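Just so it is clear, none of the values below were taken in a lab; they were calculated from the coordinates. As a convention, Cβ positions derive from the backbone with ideal geometry for all residues, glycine included, and neighbour counts pool all protein chains shown.
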Amino acid sequence: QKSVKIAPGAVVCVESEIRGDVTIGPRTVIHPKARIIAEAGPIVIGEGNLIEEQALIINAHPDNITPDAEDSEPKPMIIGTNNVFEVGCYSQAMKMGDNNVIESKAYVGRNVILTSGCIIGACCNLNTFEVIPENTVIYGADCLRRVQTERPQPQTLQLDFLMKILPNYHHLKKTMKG
Amino acid sequence: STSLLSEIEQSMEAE
Amino acid sequence: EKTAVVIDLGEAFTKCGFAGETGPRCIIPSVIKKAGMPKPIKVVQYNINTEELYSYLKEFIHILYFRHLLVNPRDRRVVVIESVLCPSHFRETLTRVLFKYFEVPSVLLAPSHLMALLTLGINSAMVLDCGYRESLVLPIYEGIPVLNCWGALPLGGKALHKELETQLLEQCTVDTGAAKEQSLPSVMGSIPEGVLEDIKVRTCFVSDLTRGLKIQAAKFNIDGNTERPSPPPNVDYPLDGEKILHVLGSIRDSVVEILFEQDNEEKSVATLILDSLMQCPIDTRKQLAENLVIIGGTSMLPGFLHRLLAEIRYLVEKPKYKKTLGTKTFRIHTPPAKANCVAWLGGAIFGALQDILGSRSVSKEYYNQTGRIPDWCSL
Amino acid sequence: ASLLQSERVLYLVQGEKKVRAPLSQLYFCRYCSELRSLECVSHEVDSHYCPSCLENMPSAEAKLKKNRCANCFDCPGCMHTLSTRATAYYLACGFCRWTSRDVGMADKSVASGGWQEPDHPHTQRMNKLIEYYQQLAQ
Amino acid sequence: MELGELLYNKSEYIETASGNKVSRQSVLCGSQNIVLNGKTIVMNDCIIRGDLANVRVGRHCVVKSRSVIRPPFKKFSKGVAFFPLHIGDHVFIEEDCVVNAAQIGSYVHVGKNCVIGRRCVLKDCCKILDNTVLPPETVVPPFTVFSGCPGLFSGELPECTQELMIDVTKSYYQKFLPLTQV
Ligand SMILES: Nc1ncnc2c1ncn2[C@@H]1O[C@H](COP(=O)(O)OP(=O)(O)OP(=O)(O)O)[C@@H](O)[C@H]1O
Ligand SMILES: [Mg+2]
Ligand SMILES: [Zn+2]
Ligand SMILES: [Zn+2]
């Protein structure tokens, strides 16, 4: 069974598509039409990672080779805390650090590792694989233009306000106790 | 003003 | 009287602004973006039909006068800085564009070298302009450009970009990132001019005299055993996002050696000044040797001036120049403006001289009456 | 404009220069019955306004301030309007996270007016030179 | 060049009293809060997020498919809230668009595959070329094209944009007639 059990406090809407044995933290918010597909293995999401609109997170088995590596090859996707997944983001990184925001209409490669404080600019692609250093902003569509940043910045107040306003308009998924 | 929900309800009523 | 505008057109960059200013307000690539064509067209092109050049100059000057200078063209005079021995047809086409279309009051076709001289306050020096298209040496003695002793070589930024492209295409090692993390030489047929320019300005540098000579000798490597100096570390220049061109360390200091390489002809950037000086009048030499002014974008490369002065002093001792220019003290000037816009700064200083600028410049009434622009060719 | 392909239909404009252009890009002088093109017509500057803060600027102020807005700043990494942020204020860009702290400009207590451009080092010698050449020109 | 025909199946659309033609597949959220002024076209897979703040949209505007109208979030000193989104009359939003603009004026045309940053202000008669990102707090003045990544002023629209655009949007509405139920 694709267990959709989520910790208390989640504001995932029934319109937001989630499939596979997912795992989401308590304070995470998920907006309608967010897609979280977990076909290769379970997805672990920490507290505060808000998901917006057309955010397609697929833990898809690599079709570039597909050699049946290690039989099932679970490879659980671990996602940090106090993260932001803006509209149109297309994330596939297996590991994500806390304080991570990816701007709208961004591609994240399967083999990329996202560390703490990193930011992905809008209309950018990260098909190339490597670990992102801390507090690295990637901006521009012509190229990547990696630039070091002095500090990160969370969006907790927006998440709290969303927790206030969302359940009045949309019916959150009435997940039973984990 | 006529909210879009009201227009949708009126369209449903017409059907 | 309203402040006169100043324009300095060049193949690589055009410098624009107002007179009596500490520096140019605008400095942009000399291109115009025509619709439908991805890579824009060079505004200043020699040996083309006059209609196309007229249209290009019209569009570019309109961009200058209504995007960068926020002022009408009719009101204010113009001080156009054009290099000596500029192609004639381009010059009369430019003046025709300025007069017939924009109806400016008057355009002063000042020479770049004399204007560059005006910035320092001196009235005599050997001005070398290392432009994009070619390097050009001209001596000025008491405000009189000595055209008889001119010199020029095609060792500007264009030749340097071509050499950089050739060396990169030879020692190409680019990580495409799509199942090509290993070196994949010459994945792209030709590098665009912008990428070459950025690589040249950012990575490449001019090595010391001794290191440069050792590099030149080790290029032949006739019976040599690792005589080259140890190169700087390689630099991984990103292209197009995913691609990463591993610009080799050797290129970074060997690409610019074409400027200073003799190659069995005794012609280089450094030797150019000595060749011009040896042709000068006997009395003018010393004042021209002690006053050297270097301008142009290529001269702004790091370590260029030190290598140039060292090469000058090195070539002075050679038998060709030992008899005449042997016991001379060369000294470089440091004008207030950056070497990109020293000529523009001279034109700007000349622009605020409102009283003379009316008489020296060519009035539009005179151009309409005659249609012949003054030039140092026979009239 | 581009939704309907205006370039498909090209009207010719009479005059010294024969130019074919879309009808939307042509102007019809009523005193001269022949319609006139954008290349044939003469352009003049009517007013200056800052695109970020849509404040009209008089021409004298434009000359004094060197055709630059008094408040807005353009980010150097990418030509985008820098935004003031408070912790006691500093400029930070929206697209790339270029902050004023990177180049090392101390935080200004006031919101907008604190920030200023450096003075050109060679402005004094420029004034000396221009004065000398002015008297020589005289 | 006139606007070509673009037929739609009548089953998956709702025509309203005011004349809005809103697709069934469009993701309307907080529809009690959304307001359309009439003659509006909302295509399939349009995510109009009215559950956060007042999203009012003017007459004859076109919101092509796979376009999201999400009001922006502003963090003011007194606290936090969501700014209402306002769109003027005769706005042509191309498909695969992302709109976080505080205000879009009238006679505006957003190119296809475009993302507009938070709290952007688009004045009347402005264009955004395709594959363009407007970072937050970007103000587009009237009669200007904002193109590139980031969007930078790179041209001016013709004189008759107020007339051409109101012709184009009206033609688009008049040519968006339902399929023949044969
Ligand atoms: N700041 C800089 N540092 C290093 N190189 C530079 C710099 N600015 C320009 N260049 C290079 O200098 C050359 C352009 O020189 P410059 O701007 O003086 O020429 P130009 O006026 O456009 O041309 P020309 O005088 O031949 O008409 C090009 O190689 C450009 O890459
Ligand atoms: Mg030059
Ligand atoms: Zn401003
Ligand atoms: Zn920036």
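Worth a mention:
- Here's the list of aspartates and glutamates a cross-link from E:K175 could span, going by alpha-carbon distance under 19 Å and ignoring same-chain residues fewer than 8 apart: E:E2, E:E5, E:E12, E:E15, E:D89, E:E94, E:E95, E:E163, E:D167.
- In terms of surrounding Cβ atoms within a 10 Å radius of their Cβ, D:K18, E:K74, E:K39 rank from fewest to most as D:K18, E:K74, E:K39.
- Computed label-point distance, nm, for sites C:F220 and D:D46 using a 7 Å Cα→Cβ extension: 7.1 nm
- Degrees, to the nearest 10: C:193-202 long Cα axis against longest axis of chain C: 70 degrees
- Straight-line cross-link reach from A:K177 at under 23 Å between alpha-carbon atoms covers these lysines, not counting any fewer than eight positions away in the same chain: A:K2, A:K5, A:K164.
- Placing +1 on the Cβ of every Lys and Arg and -1 on the Cβ of every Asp and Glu, with nothing else charged, gives the range E:13-175 a dipole about its Cα centre of roughly 580 debye.
- Per-residue mean of foreign Cβ neighbours for E:158-166 is 4 (Cβ atoms of other chains, 10 Å radius).
- The residue list A:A141, A:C124, A:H170 was ranked by how far each Cα lies along the charge dipole of the range A:118-178 toward its positive end, using unit charges on Cβ atoms, and A:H170 comes out on top.
- The range C:121-177-the range A:113-148 distance, computed between alpha-carbon centres (Å): 39 Å
- Principal-axis tilt of helix C:209-220 within chain C, Cα atoms, nearest 10 degrees: 60 degrees
- For the residues of A:137-146, the average number of beta carbons from a partner chain within 10 Å of their own beta carbon is 6.
- Packing rank of C:302-309, A:164-171, E:2-9, where each peptide gets the mean count of other beta carbons within 10 Å, highest leading: C:302-309, A:164-171, E:2-9
- Helix C:50-63 and the long axis of chain C differ in direction by around 90°, with both axes built from C-alpha atoms.
- Considering only the Cα atoms of chain C, their convex hull presents on average a projected area of 21.8 nm².
- Volume of the Cα convex hull of the protein assembly as shown, divided per residue and given in Å³: 221 Å³
- Nearby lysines by direct alpha-carbon distance to C:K328 (threshold 17 angstrom, same-chain neighbours under 8 apart not counted): C:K286, C:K318, C:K320
- In this calculation the C-beta distance from C:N123 to C:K162 is compared with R0 = 30 Å, giving a FRET efficiency of 0.20.
- Shielding value for C:15-27 is 2, the average number of Cβ atoms from other chains within 10 Å of each residue's Cβ.
- Residue pairs, from the table C:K34/C:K100; C:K214/C:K323; C:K162/C:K214; C:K39/E:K170; E:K75/E:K123; C:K15/C:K39, whose Cα atoms sit over 30 Å apart: C:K39/E:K170
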